[PDB]
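In: requesting a structural model of the entry that follows:
(chains A, B, C, D and E)
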Amino acid sequence: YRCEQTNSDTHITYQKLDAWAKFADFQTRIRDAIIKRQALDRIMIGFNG
Amino acid sequence: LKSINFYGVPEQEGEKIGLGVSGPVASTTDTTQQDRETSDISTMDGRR
Amino acid sequence: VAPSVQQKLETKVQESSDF
Amino acid sequence: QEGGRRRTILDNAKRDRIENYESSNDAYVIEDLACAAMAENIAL
Amino acid sequence: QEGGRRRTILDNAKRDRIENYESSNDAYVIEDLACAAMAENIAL
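Out: Numbers count the residues shown, from 1 in each chain, chains lettered A, B, ... in the order given. Provided below are the atomic coordinates:
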């Protein structure tokens, strides 16, 4: 079982990051969403891969 | 640039709302035989 | 002019990964 | 691969994009194929 | 946009270089248009 490297990469442009500055936790909220979406990626790669 | 104002608005885009009025206000009315007619005066103009 | 909206942030829940 | 949980917060100002490289080594295994059956191409 | 001002110092060793990326969000505005009048293209 080659523990191959899966490349997960996410970026948040400065325009979209300063456009939505009205929220005090925008980075935090998108971080949690990405964490959970990576869990779903683990499931979905395990089956659909 | 020292005279120019600076402000730390924490929003990328906004508007500036000024109230103003719609014109003359004071006007006597014949309250004995006429109602006191009331008219709104707030011309909220919005910049960007 | 605009009554321009007030916006609150809420996360649309992704599928639960309890599996 | 424990230790391959590689998190890098590359605040790539050069492209005005804060980034996150969540590299992860993984391997999907079935411990025993005795108790692993499958059906594929189920019409309905 | 204070708090939207980015002053990242990327020490780009790849080019033997120090990079200072200072982004700033600005909005040039006139507080009162009544007290603001110009003249463009003054042929002297």
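
In: all the helices of chain B, residue numbers only.
Out: For chain B, helices defined by DSSP state H do not occur.

In: where does it get nearest to chain C, which residue?
Out: Nearest residue of chain B to chain C, counting by Cβ to the nearest Cβ: residue B:46, 3.5 Å away. Where you see a C-beta, it was placed from the backbone N, CA and C, and this is true even at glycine.

In: got it, and chain A?
Out: Per Cβ to the nearest Cβ, residue A:39 is where chain A lies closest to chain C, at 3.6 Å.

In: surely that residue is within a helix?
Out: Yes. Residue A:39: assigned to a helix according to DSSP: H, G, I helix; E, B strand; the rest coil.

In: going along the chain, name the strands of chain B.
Out: Taking DSSP state E as the criterion, chain B contains strands spanning B:16-18, B:45-47.

In: no, scratch that, I was asking about chain A
Out: Secondary structure of chain A (DSSP E): strands at A:5-6, A:9-13.

In: one more: chain D?
Out: Under DSSP E, chain D gives strands at D:6-8, D:11-12, D:17-25.

In: how much space between the closest residue to residue C:2 other than its chain neighbours and residue E:25?
Out: Take residue C:2 and drop its neighbours on the chain: the residue closest to it by Cβ to Cβ, 6 or more residues apart in numbering or on different chains is residue B:46, 6.7 Å away. According to Cβ to Cβ, to the nearest Å, residue B:46 stands 21 Å off from residue E:25.

In: show me which of the two is the more surrounded one.
Out: Neighbours were counted for residue B:46 and for residue E:25 using other Cβ atoms under 10 Å in any protein chain shown; residue E:25 has more, 19 against 11.

In: contact partners for the more buried one?
Out: Going by Cβ atoms under 8 Å, 6 or more residues apart in numbering or on different chains, residue E:25 touches A:18, B:12, E:1, E:4-5.

In: tell me the buried residues within the residues you listed.
Out: Neighbour counting over the contacts of residue E:25 (16 or more other Cβ atoms under 10 Å in any protein chain shown) leaves A:18, B:12, E:1, E:4 as the buried ones.
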